[PDB]
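Scroll down for the structure; my scribbles are underneath it.
Number of protein chains: 2
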Amino acid sequence: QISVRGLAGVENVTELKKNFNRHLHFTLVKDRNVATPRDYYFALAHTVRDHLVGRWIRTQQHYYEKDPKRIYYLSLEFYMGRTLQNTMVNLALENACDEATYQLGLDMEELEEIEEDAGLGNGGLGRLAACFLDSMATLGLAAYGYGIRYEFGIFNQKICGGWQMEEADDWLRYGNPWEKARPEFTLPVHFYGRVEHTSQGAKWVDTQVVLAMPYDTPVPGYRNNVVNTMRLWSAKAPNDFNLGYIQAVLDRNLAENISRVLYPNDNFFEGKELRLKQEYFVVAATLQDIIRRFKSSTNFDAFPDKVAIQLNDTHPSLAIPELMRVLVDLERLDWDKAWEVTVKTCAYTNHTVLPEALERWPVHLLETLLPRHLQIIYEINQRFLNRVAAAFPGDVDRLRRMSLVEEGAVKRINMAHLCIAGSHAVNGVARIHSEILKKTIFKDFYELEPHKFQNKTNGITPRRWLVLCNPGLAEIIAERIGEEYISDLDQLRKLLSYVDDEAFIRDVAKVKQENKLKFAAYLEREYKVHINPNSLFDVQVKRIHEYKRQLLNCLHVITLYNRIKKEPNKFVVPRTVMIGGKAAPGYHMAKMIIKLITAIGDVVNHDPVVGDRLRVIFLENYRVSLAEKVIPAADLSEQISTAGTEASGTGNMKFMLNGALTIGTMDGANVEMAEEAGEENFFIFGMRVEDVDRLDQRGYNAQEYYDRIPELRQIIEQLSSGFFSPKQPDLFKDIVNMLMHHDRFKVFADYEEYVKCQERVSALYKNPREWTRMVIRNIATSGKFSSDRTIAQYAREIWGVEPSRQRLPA
Amino acid sequence: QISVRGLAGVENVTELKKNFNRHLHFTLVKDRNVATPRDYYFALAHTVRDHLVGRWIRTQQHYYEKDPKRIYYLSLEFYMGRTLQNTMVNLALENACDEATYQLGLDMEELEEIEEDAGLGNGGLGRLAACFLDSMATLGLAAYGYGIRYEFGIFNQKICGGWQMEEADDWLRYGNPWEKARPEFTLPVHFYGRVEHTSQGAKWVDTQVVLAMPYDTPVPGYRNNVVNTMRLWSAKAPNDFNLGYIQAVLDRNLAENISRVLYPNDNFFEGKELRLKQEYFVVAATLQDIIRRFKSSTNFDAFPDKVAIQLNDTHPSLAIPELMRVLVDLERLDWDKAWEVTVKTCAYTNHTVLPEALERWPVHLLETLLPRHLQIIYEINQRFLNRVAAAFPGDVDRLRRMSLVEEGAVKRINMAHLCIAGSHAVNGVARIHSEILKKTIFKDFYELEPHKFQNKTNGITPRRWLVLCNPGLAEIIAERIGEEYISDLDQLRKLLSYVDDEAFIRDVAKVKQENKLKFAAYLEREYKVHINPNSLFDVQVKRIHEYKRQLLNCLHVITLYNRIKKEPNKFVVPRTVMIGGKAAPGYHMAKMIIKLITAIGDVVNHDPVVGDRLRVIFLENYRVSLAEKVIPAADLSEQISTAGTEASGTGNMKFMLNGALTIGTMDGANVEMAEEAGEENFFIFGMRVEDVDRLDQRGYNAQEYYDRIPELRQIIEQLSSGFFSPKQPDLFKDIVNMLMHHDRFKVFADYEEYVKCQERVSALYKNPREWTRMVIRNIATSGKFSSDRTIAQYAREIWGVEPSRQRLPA
Ligand SMILES: O=C(NC(=O)c1ccc(-c2ccccc2)cc1)N[C@@H]1O[C@H](CO)[C@@H](O)[C@H](O)[C@H]1O
Ligand SMILES: O=C(NC(=O)c1ccc(-c2ccccc2)cc1)N[C@@H]1O[C@H](CO)[C@@H](O)[C@H](O)[C@H]1O
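Protein chains in written order, with UniProt numbering: chain A, 13 to 255, 262 to 315, 325 to 837; chain B, 13 to 255, 262 to 315, 325 to 837.
Structural data, given as structure tokens:
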């Protein structure tokens, strides 16, 4: 049908059809008489998977022969989503498969909807790892993603009575056609025990053993015949485990609970033992695998020349003392040489400055679970603090500030401090974030070792986030400038010379309208909700957090509603306001925010006077597959975190690439997006970082805003009195109290500028031609935010490897 | 190489080789450079499995079109063993695969050894179910095996310091290529809750739900293109299970524990709740499947015309009240009609008369777990006892003896009494066993309903138990009488006309010698033990039980040793005495018996004066795959249970078919074996059932035997004084005490006749020609004990269906 989806050759279509029928028969053990749509999905999945195999085997043998430096990306999260369409895109198989299935009497899009998301992440951090894997393969790097194969990923969100309910994400129920179990590469991981000091070194003894079994998933590069590996560890009890008899067998579950479920608390660090076990489990198994591969090439001097380990946040920070443990206790290297190797091997990426999110493990936990690692951490701390004392003599307070060990009620290890000490590179994820790291939380560390601190602005893969989810837009772009932009996104700048092109303006606007119509139909078919497709699609999708200020959005919605009620016969630009995202199960305020959103919709959507002019919809179960649907349909992207709180954001970049205009604060990557597009082509409002600092010095008094803004006073009075909860008048008392007395994120302070800026949005939308021209200016300057650019920067400035766009033979 | 293994055609060998290479590449994702022997096994398994698929699909569609009466074999155990060689045999693929793998540079026998046994049974009862499935497929019956997919089967036995140690049988670790998951056929099973009585009947409400997910395994008939199904249920938590958040997800394990492990206690009934859940789980899921299939053909009058349910012991006895529950509570049939349907549908097979093995479930367990089933059982009991009272008026004691409810300390339900009341047929498993049922434990029931009671003498499949395990013997037989005996074992009688044939005598003896050499080599290669292959192979392999009298065997061994020590320079026929079998984990006396056997070997095998004349070996981890090895190598089969205790035995039949002579009591199927072969061709000794009864009336006094038999006195004195345990002199005090004071199985009473009979065995073995002629007389009359005969009798006399040897089109 469309060009970017590839060729549908006679030979290929015929071959795909027969391999499909072969899999339906031999693999699924079915005939066309008894086959369900799920059977048809699996037959297609297996057919496409067959095309990966040859390339997968030859890519790995290529790395063995050439022996390049290997990149190991360690993450507790890989938010992959669906794999089928992505594989077809990167293999240029999409049109061929579409044709093959069509001739078999099947609709491929219907079959694609049957695949479960691999929801092995919470949000931005997990999704970044996934985009990175795609870019590393596309850039021909010898890269491996290492993590945990959770049996249950991020919970499925159900909304019951306006409240979030959680249900287990049993994503493996029907099987996973993409993974290959490698039980022959199973590795032991040790826990508990005690440390014995012998004549010839320390020994970790009397440990409990859990087995780590790897599952490999192929990661295809974009049409370069490269297929890299994501290796995920599963927990297994050894066969003599606990070995009255019946209970011993049942108790094997305890060991296997390690890889059972993803922790969904992305807001607040809880020192839970099971999480600590997960963190060490992935680290210990991964590092044994790394060392084994390095030996199968005695001299660990060359280790950092052949190995780079990237730590995705502090979650795999135990890699630092674990590498020291292996080098010192097992390989018998002296401390100083082992430390040199470790530092040159490891690099650390930070993803937030919010203190409650930082991992600080109680010493008593590490003492019991990992006694030898604690000893190594103490030794790292002493040697590090000796360096600090020598550089800043007599500065006793610096010494306590920089210590890896935090004193107090319970002693704790600051894992971020560990990561900085044990890494040759530390990066933030957007320019403003990286500067904030150097100026505030890691200031002392920057003063000691300035050369360590870098920026690597985040990105998203244009394969999933344009070609896959928005083929209509990808095609109209390709008509003008060819196809090379898909793996060289900077080429989108060429679209600037089409900003006054009447045909292109019409096409850009047409694609958006089609996307909006398709999504409006999805909402009716799957959720029986009715929306006006001619309204402005105002969307905020992301995890529910106070710092992300979904609450500020809510105040604007109520403002709009109140203004309509005040002057009903006045014209307003119609809006569909969509808010979606999951709340961490223990985050009470976030769960109240969800209830508020649904409560507002309950009032707004049923007011006859409002009509089709304003609709408020909560997008249920927001996840990667839903993002791929809603983002192409958006007109307005809400990126309204308090300045200095969102490290980067990546949703922002997805919207920019897909033809939405952005209303946002100067926070995270928003700053760089505005810089690339031009501030005139961005809806910027609110306090900057400097303004927030000034308000903090003075003291933030929310009452001041309540007193001086009549429209805001009305909203608070409506909330308090039970306007949005008639049968439970005080339901939202916690929300009002927080806003009035303990709002860390200054919602009221940005209210006036936000409402004003929103009026400027509505004004522009009334001028369809000028709206679309501003959109073209955004798409055309979105190139910087390709994860190909981000990864090329990591490769050159941290890992010391050169990217390559060259093909491997097919 | 050999004829019975089929053709190795050019076309077939070429095709197998390319499908093997296809599976190694696409299925296993390996090349010949990195492939391990396990990879090669799996590639072969998948290649052979491909040949089953077409036949499997067409067999099931044939049953749909023809709609014959369906047989449902309900068992908690299916002791399947390995599947690869069995599949090749039944498909006539063995020589072709051997050739195909040979040309690829591989040894098929080596690859076969890599497959894990499906050890989903304890012993004879579980193995009977497996032989039955093979026979039903071979006889073209529309049969389904229904059971539980245990994650862990019978434990692997390790011998440490002469003691049994148990380790988990993680048989699914590397995956199972033979099964196909059918998550689309998942069914709910209910537990706990309460009964509500409404205007329009009883309702079972407020239940906890566990999901039952089926896995189908193909069961191929012998070269008839029939492939039947074994469906095994796996336990799954529903997705809203327990749905702080983390623990709720972890608690899903509790539901899934139902299908986790096989209960290994084949000796003594324990009322464990988890076992009760297993029993109901398989019954509830199976019966929903049955009814669904019956409807997909309103009128339950025809139900017994289209459905037969065979209960393998009382373990699935809950099928009776569960069928009543569905018919009455759900389908709204009246009690009397539902009961008529149930009785005509169900039949029950008993496997033992030992009272401690009988299932008697505490009422309080059924009250909590299955409240509605208890109510139905009480109602069944009342109506049944009303019939008893009407037939035998005034016989109050009969009423209490026949009651399904047993009074006492704890009230219990007698599941055997339930089974007889709710079945149109009740059978024992050998002629003497079935007579004992009518005369003793079920006497009252036989007097009420004599027409219900039948015999169905057990059998074994000649495919696994001759062709597969002893191809050398199968071939020399086929040379003389052709191949038709493999599915018509009665044809072996033709071998009687070769009893004086010098060539055949030489061949029969040659095959045995080769088998003995091969097994002697297996023992060195895998266990580093050294045996004389020219000695008589004296073997007793079976689960360790007091009634099976491994202890009597031990007394003979010590007698032989003592006689050698008394007269060292006297000639004795050399023997290798092999004893093997697992003990139930809680069975203390059985574990002591194992220790005794190893302790005897420790003394005997290291006495220089003995030399190669006597060796005592404990066969570790006895299981189906080991049986296939040791049975063809045996000269003497020990079947020495106390008369009236072994219901049938089936090991006895395996040995007879494979050229061992039998020393045994007149117990179980031994009686019929002696009858078929002639008592002159069998080594019969000891008390008959009548003699045991006489001794019980009088009182069994073991002291009498100790006082009057000097050779027995010596042994007991050796045991007591620490002769076999020098460092722990009183180690065997429990064994001596039991023998002297509380021996339920009269070991001393059969001692003299046993030793005497054993002398007659040694005498015959000295005459190789006459030994072999007696062997030929045994093989030639073993035809009755084919499970094809047993199943044809079930089909005609219980299920009301006609067997067919006709081919389905390929
Ligand atoms: O998504 C993020 N974090 C998480 O999801 C998260 C997930 C898990 C934890 C966690 C930490 C310890 C124990 C248990 C859970 C903490 C945070 N961070 C985001 O990362 C993106 C990629 O760099 C940024 O764009 C975004 O600004 C940032 O908030
Ligand atoms: O093997 C047998 N029984 C078992 O393995 C068995 C297995 C499990 C249980 C059991 C019953 C209740 C709870 C838990 C376990 C009871 C008995 N019985 C044997 O059956 C053969 C086939 O008919 C006979 O040849 C043999 O004589 C008999 O002992």
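Quick reminder that beta carbons are idealized off the backbone N, C-alpha and C, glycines included.
When we look at the beta-carbon of residue i and count the other beta-carbons within 10 Å, is it buried (16 or more) or exposed?
| i | result |
| --- | --- |
| A:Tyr52 | buried |
| B:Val774 | buried |
| A:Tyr204 | exposed |
| B:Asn679 | buried |
| A:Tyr778 | buried |
| A:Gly18 | buried |
| A:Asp340 | buried |
Does the beta carbon of residue i fall short of 7 Å from some heavy atom of ligand 2?
| i | result |
| --- | --- |
| B:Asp284 | yes |
| B:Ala674 | yes |
| B:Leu137 | yes |
Given the structure, does residue i come close to ligand 1, in the sense that its CB is under 7 Å from one of the ligand's heavy atoms?
| i | result |
| --- | --- |
| A:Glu386 | yes |
| A:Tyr281 | yes |
| A:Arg293 | yes |
| A:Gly695 | yes |
Check residue i in the structure and name its three-state DSSP category.
| i | result |
| --- | --- |
| B:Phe775 | helix |
| B:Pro282 | coil |
| B:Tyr85 | strand |
| B:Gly131 | strand |
| B:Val636 | coil |
| B:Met714 | coil |
| A:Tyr91 | strand |
| B:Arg602 | strand |
| A:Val222 | strand |
| A:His209 | strand |
| B:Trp388 | strand |
| residue 260 of chain A | This structure gives no coordinates for residue 260 of chain A. The numbering of chain A moves from 255 immediately to 262. |
| A:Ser15 | helix |
Using 8 Å for Cβ pairs, my map puts residue i next to residue j. What's the rounded Cβ distance?
| i | j | result |
| --- | --- | --- |
| B:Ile621 | B:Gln176 | 5 Å |
| A:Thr603 | A:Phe645 | Actually they do not touch by this definition, with Cβ atoms about 12 Å apart. |
| B:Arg161 | B:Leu244 | 4 Å |
| B:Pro282 | B:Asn134 | 6 Å |
| B:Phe299 | B:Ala247 | 7 Å |
| A:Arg425 | A:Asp471 | 6 Å |
Could you work out which residue in the options is closest to residue i when comparing CA atoms only?
| i | options | result |
| --- | --- | --- |
| A:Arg428 | A:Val437, A:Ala416 and A:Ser246 | A:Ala416 |
| B:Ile762 | B:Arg823, B:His615 and B:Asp718 | B:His615 |
| A:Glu573 | A:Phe750, A:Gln481, A:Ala448 and A:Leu766 | A:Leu766 |
| B:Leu579 | B:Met442, B:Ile743 and B:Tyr227 | B:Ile743 |
| B:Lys656 | B:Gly713, B:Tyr588 and B:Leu544 | B:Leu544 |
Looking at ligand 4, does it come within less than 7 Å of residue i, judged from the CB to the closest heavy atom?
| i | result |
| --- | --- |
| B:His557 | Because ligand 4 does not appear in the structure shown, any question about it cannot be addressed here, the ligands present being ligand 1 and ligand 2. |
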